[PDB]
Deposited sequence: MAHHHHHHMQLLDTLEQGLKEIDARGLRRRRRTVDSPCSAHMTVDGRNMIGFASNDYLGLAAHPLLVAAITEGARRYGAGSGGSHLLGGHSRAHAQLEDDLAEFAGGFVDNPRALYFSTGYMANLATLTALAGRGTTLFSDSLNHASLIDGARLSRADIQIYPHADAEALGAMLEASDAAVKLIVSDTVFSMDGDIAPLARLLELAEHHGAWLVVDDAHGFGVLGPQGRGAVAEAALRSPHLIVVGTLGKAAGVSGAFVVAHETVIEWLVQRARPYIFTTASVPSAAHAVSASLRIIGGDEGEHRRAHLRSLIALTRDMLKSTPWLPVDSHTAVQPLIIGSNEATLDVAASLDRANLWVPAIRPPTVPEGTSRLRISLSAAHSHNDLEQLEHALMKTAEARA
């Protein structure tokens, strides 16, 4: 190539191919659900975060339809649908303070970016769980705060770090449910530390929202915590089945985010019909149907926990919809995932740097849309694969 940099990319792609690490995106021809048409094939998927099986729900299809007919296609841009959703989210997810507000964002990434750039800065120390999802970490870097990592879920280690720090502003930042492992943060102990040390507690409930707590209100609601130190970031494209994200907190925290977060974080609002559909999804999540779906999800989790132990590989003990199975090397993990693919099962393979070296793993993600027969197929293929490799 006259553009010699293209030759560099071509050789770099060839190296990725030779090593067998070429990533492929699958194209889904049907709505997202347990059963899908994937690259033209009928498959059972364990790859999504559609934990309650709502992404394909006809009520949400109708909500998008009614929302587009009422509010148009694009935001251009704060629609009444966005304002209503913020009211709905404050009532639904803001029970930990008596005067909550919520702010809707296009993506969970932007919600975290707004929160950390507004509340952190030079002179701030941010204390971050060592297993926080990667993009949470990049949001802190831009904020320019001093970042101190604490060992995963270790409140006693974090307490010693808070005690040793003389920073005027301290933020504790943690996922509530850790997306590659399925465990739940020790929120009650973290809040005790936050109140003792006068710190904010920013928690990302992406994987707890809708699936934990009374009416699915989330991990903070499950722990029944009440404190204005709490700032909850959530996403609306996982259990809630649509898209977007939010921050919910004391109204003064929300007003500060509005005044101080970089304006571009608020620009290019999502399509207003999506916000209208999220409001409809909250009515499912918090009603009898959401309770039924969570109960079925809990039964699938119980079954899957046992299935994983019957394989020869290394389960991560999880009581959430995330059921990881650690195979070890990239090569072995990819071979097992490929064997499951030949059984028409789509199970993602996770590799470093997303997980620590030597812990490449399957990420089996359950959905209330899954059936017991789906799990039987997964078990049968896992066990046949284990015999083939033994």
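> If a residue lacks a C-alpha atom here, it counts as unmodelled; so which stretches of the deposited sequence fall into that category?
Model skips 1 to 6, 83 to 88 of the deposited chain.
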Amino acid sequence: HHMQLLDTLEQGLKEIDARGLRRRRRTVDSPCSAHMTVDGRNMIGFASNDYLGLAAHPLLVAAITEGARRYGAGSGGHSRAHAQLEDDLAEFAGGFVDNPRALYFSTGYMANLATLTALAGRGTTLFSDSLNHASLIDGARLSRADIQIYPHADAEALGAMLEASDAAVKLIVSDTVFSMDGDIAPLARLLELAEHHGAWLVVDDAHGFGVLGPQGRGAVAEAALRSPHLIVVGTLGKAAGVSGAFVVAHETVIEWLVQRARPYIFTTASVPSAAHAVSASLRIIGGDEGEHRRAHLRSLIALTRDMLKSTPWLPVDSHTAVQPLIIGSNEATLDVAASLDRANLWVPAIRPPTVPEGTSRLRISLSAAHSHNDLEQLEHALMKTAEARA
From here on, numbers count along this sequence of modelled residues.
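> Look over 263 to 271 and 297 to 305 in the entry and identify the one with the greater average Cα temperature factor.
Going by the record's values, the stretch with the higher mean is 263 to 271.
> Test of understanding: from the entry's C-alpha B-factors, which stretch has the higher mean, 236 to 244 or 99 to 107?
99 to 107 has the higher mean C-alpha B-factor.
> Can you pull the Cα B-factors for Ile254, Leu89, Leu113, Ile172 from the entry and say which is highest?
Largest recorded C-alpha B-factor: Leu113.
> In this PDB entry, which of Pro31, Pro352, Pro58, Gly45 has the top CA B-factor?
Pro352 has the highest C-alpha B-factor of those listed.
> Sorting the chain's modelled residues by C-alpha B-factor, tell me whether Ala369 ends up in the lowest, middle or highest third.
Its C-alpha B-factor, which the entry lists for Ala369, ranks in the lowest third among residues of this chain.
> If you rank every modelled residue in this chain by C-alpha B factor, which third holds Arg342: lowest, middle or highest?
Top third by C-alpha B-factor.
> Select lowest, middle or highest to describe the third in which the CA B-factor of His207 falls within its chain in this entry.
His207: CA B-factor falls in the lowest third of its chain.
> Sorting by Cα B-factor within the chain, modelled residues only, which third would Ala224 end up in: lowest, middle or highest?
Within its chain, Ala224 is a middle-third residue by C-alpha B-factor, going by the deposited values.
> Splitting the chain's C-alpha B-factors into thirds, which one does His133 fall into?
Ranked within chain, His133 CA B lands in the middle tercile.
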